[PDB]
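*Asks:* Shown below is the structure under consideration.
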Protein chains: 2
Amino acid sequence: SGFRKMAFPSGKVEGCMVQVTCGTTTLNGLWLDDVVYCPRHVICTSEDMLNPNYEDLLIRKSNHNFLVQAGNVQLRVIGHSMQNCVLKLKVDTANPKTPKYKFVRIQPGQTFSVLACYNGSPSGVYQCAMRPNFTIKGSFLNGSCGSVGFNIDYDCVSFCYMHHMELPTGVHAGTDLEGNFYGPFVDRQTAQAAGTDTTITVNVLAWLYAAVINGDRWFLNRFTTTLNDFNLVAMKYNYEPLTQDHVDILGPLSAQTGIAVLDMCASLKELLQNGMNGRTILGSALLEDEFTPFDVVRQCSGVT
Amino acid sequence: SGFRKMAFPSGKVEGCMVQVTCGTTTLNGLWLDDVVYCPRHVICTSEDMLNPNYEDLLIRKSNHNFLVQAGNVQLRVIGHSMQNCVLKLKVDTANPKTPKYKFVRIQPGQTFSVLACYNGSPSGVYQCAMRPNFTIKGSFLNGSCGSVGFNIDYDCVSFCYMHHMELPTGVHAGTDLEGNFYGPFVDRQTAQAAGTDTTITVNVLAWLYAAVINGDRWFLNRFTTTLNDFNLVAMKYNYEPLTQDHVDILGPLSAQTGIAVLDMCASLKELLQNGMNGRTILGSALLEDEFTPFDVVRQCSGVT
Ligand SMILES: Cc1ccncc1CC(=O)Nc1cccc2c1CNCC2
Ligand SMILES: Cc1ccncc1CC(=O)Nc1cccc2c1CNCC2
């Protein structure tokens with residue numbers, strides 16, 4: 001029992017972190033096989049930041065300008081290419097610690113672990129969700145760029161995020177491992193609107209099921225609702241509309257607890273309309289949306 | 001910017017996890033050098049649980065009865081001994097992945113990361129605090145016993161906790177790595193009173209400083225207080241009394257922000273007396289006490 005905001009064990013990812021320096025800029029790279037992936041803004045100086053012409057800046061660089069260091073050893077760079085907002089530095093040595101891996105583009109509302117790094121060294125690990133507006137609320141300081149987000153399925157690490165930028169609002173933006181930004185963001189030092197965010201309804205319901213499984217049941221009520229009625233409430237409270245696909249994904253948790261999804265929706269409806277009245281659920285005084293239904297089942301079943 | 005409940009990178013600890021089986025019981029062990037540490041209750045059956053005579057149960061066991069498996073390879077057990085509530089299984093092979101390590105007994109109110117494991121395999125990592133009453137609010141299922149808590153200082157892992165038990169209340173109890181329980185707990189299947197818990201005042205103030213550093217400042221007020229006046233409020237709200245040692249530990253955060261510790265105490269006093277009024281601080285609707293002043297500085301400075 002107990003329910004925590006659990007991250008994946010970061011070991012397989014720690015073995016891939018390297019430091020990449022170009023000119024006077026240092027950030028993190030991800031070394032998989034004989035390629036090191038890092039944000040392309042490593043080639044920028046301070047004057048470039050506002051409106052960089054990455055193609056021109058990269059043309060002034062040669063393989064020997066990209067200093068890649070894996071802990072204490074130096075990697076020899078034999079190729080460089082830009083793919084969207086990432087640089088791919090071909091090195092002459094395959095990473096001996098390369099785990100089984102995939103590059104994936106996650107959907108908004110999905111969760112992943114971040115291994116925050118500075119100078120190629122891991123500092124900490126935390127779990128977060130990709131917001132519906134494609135930002136993440138991380139913990140990143142200057143030098144953390146190139147830190148990655150990932151999920152693990154037994155022995156396979158699916159890398160889904162590489163950190164690039166902190167928006168003026170203090171929220172974070174980045175790319176998939178092919179260098180495509182999540183959201184409308186560009187790698188420029190400029191104010192950039194992040195869309196209106198919403199609460200991930202299916203995740204809140206998953207977390208309410210986790211609460212019931214772990215003994216927090218005070219919020220269960222005598223009511224039910226419909227998808228239409230619940231969605232009128234979700235609209236008013238800036239929650240994502242619930243669909244039958246979301247109900248279907250909540251099926252295993254509904255079966256385990258015996259609480260029909262629409263009955264849990266009626267509990268969530270009452271919590272939205274009345275608040276918590278100074279009470280808590282799983283140690284939180286707000287409705288938590290950073291656990292997917294898959295996360296709840298995994299944590300509640302002890303998947304390793 | 002941003003502030004997260006960050007765990008240490010778990011890689012150095014993942015390399016030490018093994019599975020220990022004795023009879024029909026399987027749990028986790030920690031393999032450091034040529035010794036495997038695990039909870040002594042691995043030698044119990046279901047009838048033993050209520051009042052085990054561990055000395056007698058251990059006498060019926062021989063080295064070959066303790067099956068230790070590190071991933072896919074079997075370790076040869078050449079010695080066994082019980083030290084308090086832990087068993088130490090001497091093996092013929094030193095763990096090649098043994099990091100630099102220490103065994104430490106942490107103080108209540110201090111924080112650490114837990115690498116939850118099942119069958120010797122890591123499932124997830126999370127950060128928590130040792131409560132003032134010596135329990136931890138973890139996320140542990142049957143089979144997680146032997147999972148450990150730790151802190152990391154550059155390359156040295158200080159192991160501070162080994163998981164043993166879930167109390168009937170759903171909170172967790174365990175030992176230091178010498179097998180001494182934190183708190184009054186015994187490794188028996190019985191109802192055991194956990195003392196009255198309190199909120200870790202110095203940690204809440206550290207987290208309020210983290211909030212100010214990261215932009216959440218609405219709670220700052222025009223007031224100040226004294227240690228005596230603040231402690232009358234801490235008493236009423238079940239908070240640990242603040243001492244000059246706690247004020248001194250908050251010195252670096254007070255210096256960085258320019259907010260005197262007693263002025264932050266007056267902000268905390270107003271939050272205790274009036275609540276949050278439906279507002280949030282660092283994404284929380286309650287006063288968070290699982291970050292020490294050291295954690296706040298480490299996260300805010302990017303220590304790797
Ligand atoms: C300060 C910080 C904190 C947390 N996470 C990231 C950062 C740095 C950042 O946003 N860098 C950046 C992002 C887009 C483009 C460029 C840069 C840097 N100059 C080159 C052009
Ligand atoms: C079920 C669970 C969930 C989370 N964490 C731990 C557990 C198991 C547990 O409390 N075991 C235990 C703790 C003290 C003593 C003994 C045992 C087992 N039998 C032997 C004597």
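The first residue you see is number 1, and the count goes up from there.
Recorded method for this deposit: X-ray crystallography, 1.5 Å.
Note: Cβ is positioned from N, Cα and C throughout, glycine not excepted.
Per Swiss-Prot, the feature active site, for 3CL-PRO activity maps to B:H41; the stated evidence is sequence analysis. What Swiss-Prot lists as active site, nucleophile is B:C145, and the listing cites experimental evidence. Per Swiss-Prot, the feature ubiquitin cross-link maps to B:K5, B:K90; the stated evidence is experimental evidence.
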*Asks:* Compile a sequence-ordered list of residues in the same chain as B:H41 (active site, for 3CL-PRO activity), six or more apart from it, whose Cβ lies below 8 A from its Cβ; state 'none' when nothing qualifies.
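*Replies:* B:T25, B:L27, B:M49, B:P52, B:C85, B:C145, B:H164, B:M165, B:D187 - these are the non-local Cβ neighbours of B:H41 (active site, for 3CL-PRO activity), listed in sequence order.
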*Asks:* For a quick check of understanding: among the recorded sites B:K5, B:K90, which residue's Cβ has the most other Cβ atoms within 10 Å?
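*Replies:* Result of the Cβ crowding comparison: B:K5.
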*Asks:* Cα-Cα separation of B:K5 (ubiquitin cross-link) and B:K90 (ubiquitin cross-link), in Å?
*Replies:* 36
*Asks:* If proximity means a C-beta under 8 angstroms from chain A, which of B:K5, B:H41, B:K90, B:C145 count? These are the recorded positions.
*Replies:* B:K5
*Asks:* Translate the DSSP assignment of B:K5 (ubiquitin cross-link) into the three-state scheme.
*Replies:* coil
*Asks:* Select, from B:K5, B:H41, B:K90, each of the recorded positions with a Cβ positioned under 6 A from at least one atom of ligand 2; if none does, say none.
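*Replies:* Those recorded positions that pass the cut-off, since their Cβ is under 6 Å from ligand 2, are B:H41.
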